[PDB]
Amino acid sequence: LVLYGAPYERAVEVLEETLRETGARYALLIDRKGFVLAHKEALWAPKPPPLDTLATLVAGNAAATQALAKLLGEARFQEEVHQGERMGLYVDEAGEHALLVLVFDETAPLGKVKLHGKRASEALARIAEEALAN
């Protein structure tokens, strides 16, 4: 899938809104292979690390954690949170073929990241679905 035109504009709007609601630094919608479909960064945040690099590693992780998921009786993990000392990463499925990625620091309440991140992933899943079908 490749987002362009109206669907792309709609996806970017959701990402922009998600950053405002969550307090996150960077938001991306990527396919499960690591291709960046859309991305937005908070004006207040510093330049992000290379986004294509981030996307590729997130996709790699999505494939890698399936062994753990299957051992627990799940096909795969739909939501994952990775927290460091200063930076955090939130990844949630945006439909069966895409992933919403949020990179955040201490100023983004985790509860808000998850609440609005989950809602954004559903909105993006719908946009991706329609872009794919007609």
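The numbering used is simple: start at 1 and walk along the sequence shown.
**Q** Would 111 to 119 or 5 to 13 have the larger average of its C-alpha temperature factors, as given in the entry?
**A** The entry gives the higher C-alpha B-factor average to 5 to 13.
**Q** Which is higher in the entry, the mean Cα B factor of 22 to 30 or that of 81 to 89?
**A** Stretch with the higher mean C-alpha B-factor: 81 to 89.
**Q** Could you tell me which third, lowest, middle or highest, the C-alpha B-factor of residue 54 occupies within its chain?
**A** Ranked within chain, residue 54 CA B lands in the lowest tercile.
**Q** Could you tell me which third, lowest, middle or highest, the C-alpha B-factor of residue 43 occupies within its chain?
**A** Highest third of the chain for residue 43's C-alpha B-factor.
**Q** Would you mind ranking residue 67 by its C-alpha B-factor against the rest of the chain and naming the third, lowest, middle or highest?
**A** Tercile = middle for this residue's CA B-factor.
**Q** Can you tell me which third, lowest, middle or highest, the CA B-factor of residue 75 falls into for its chain?
**A** Ranked within chain, residue 75 CA B lands in the highest tercile.
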